Structure formats: structure tokens, C-alpha cells
């Protein structure tokens, strides 16, 4: 099965096949940057002791990619006092194929996990900066994302500040898509953490 749950930076620091699996997971993760610290949280997608996907959440009131890294691109945008930014979206397509089989909608499942996690954490939406390629993916996912601002990273590189909705309609929308694509039990997409049969 595929387990999607969240862990804190502190848990990743403060802490047989268990220790080993955890070490393999850590060795497969995204290398740190200025924002990995107390307060930061991560959703991990794990199967058979291996990391198939992950995404990082940072509070909007703490240093993040919108306010720091890409400050010059979005400084005209006013952000809410309370909120979360998702970054470092990660899906190992090669490894997911091996463990979850080809055609498993691992990306849609992580989107669902983000919504389910957000509801469990009192966030009605998630802010994020994505590449043009990722914007195309999100747009095709059906998730009713909203572009707040399109920016030019470079002359030919466009990036976008978006809000990702995490309301009940979104949870049912993403959940319904996952159910019909994997045939998993309907109740499996309604919880947090998530446990999906593969």
C-alpha cells in the first residue's frame, strides 16, 4: 500500500527494517535550503520503505519562496497574515512506476493529500509558485487552481503564484478522480493520513 502522511522538521531531526527504511527515505529526499527548519512540515508518500513523493509546507508568516527567493517577482501581491506555502513538490516517477505500477496517478494522489492535510490544519487554500510546466499539469488535473500572478523568472521562463483550493468540493473532486482511476475503496480518499491500496 501507499502511505501519505505528514512529518515535522523537528521529527525529522529529533528522530530493524524501521531505522533502515527511514534512512533510505531520508537519502531519497530533496536537499535542504534556507527554509527547512522548525515550523516546516512535509507530506511524505511512502511504499515499501521508499519515498515516492513529497511536498513541503511553510507558514506564510515565516521566510518562504514567495516573500524571499522570488520577492522581486511578487512583491506587489499582498498575502494573508495566516496561511501556508507549498514548495519542493516531488514525485519520483521512475520509482513510483516500479512500486505502484505504471499509470498509477501518484501526482493526483499527492494533490489529494495536500487538500486533506490542509483541512486537517485549518488552511482553506494553499499558496505556491510553480513553473509553466507544472501549471499545465495542475490545470489538466481538474483542481480549480487560481493564478494570482504570472511572472517572468527570465526572458523565456515564466513562473506563477497560485492559490490551490482545499475546500470540501476540492477534496471530493480530487478524491473522486483518484477513486475512479484506481478503484480504491471510496472511504480511502476521505482520511488524513491517507492509506491507499496499490
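Numbering follows the first chain given and starts at 1.
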remark   = Mean B factor on CA atoms, stretches 182 to 190 and 18 to 26, record says higher is 18 to 26
query = If you average the CA temperature factors over each stretch, which comes out higher, 110 to 118 or 94 to 102?
reply = 94 to 102
task = Using the temperature factors in the entry, find which of 48, 150, 169, 33 has the highest value at its Cα atom.
result = 48
ask   = Looking at 68, 136, 56, 156, which has the biggest Cα B factor in the entry?
value = 156
query = Within this chain, which third does the Cα B-factor at residue 63 fall in: lowest, middle or highest?
reply = middle
ask   = Taking the C-alpha B-factors as the PDB entry records them, is residue 73 in the lowest, middle or highest third of its chain?
value = middle
inquiry  = Please say which third, lowest, middle or highest, residue 39 falls into when its CA temperature factor is compared across its chain.
reply    = highest
inquiry  = Which third, lowest, middle or highest, does the C-alpha temperature factor of residue 7 belong to within its own chain?
reply    = middle
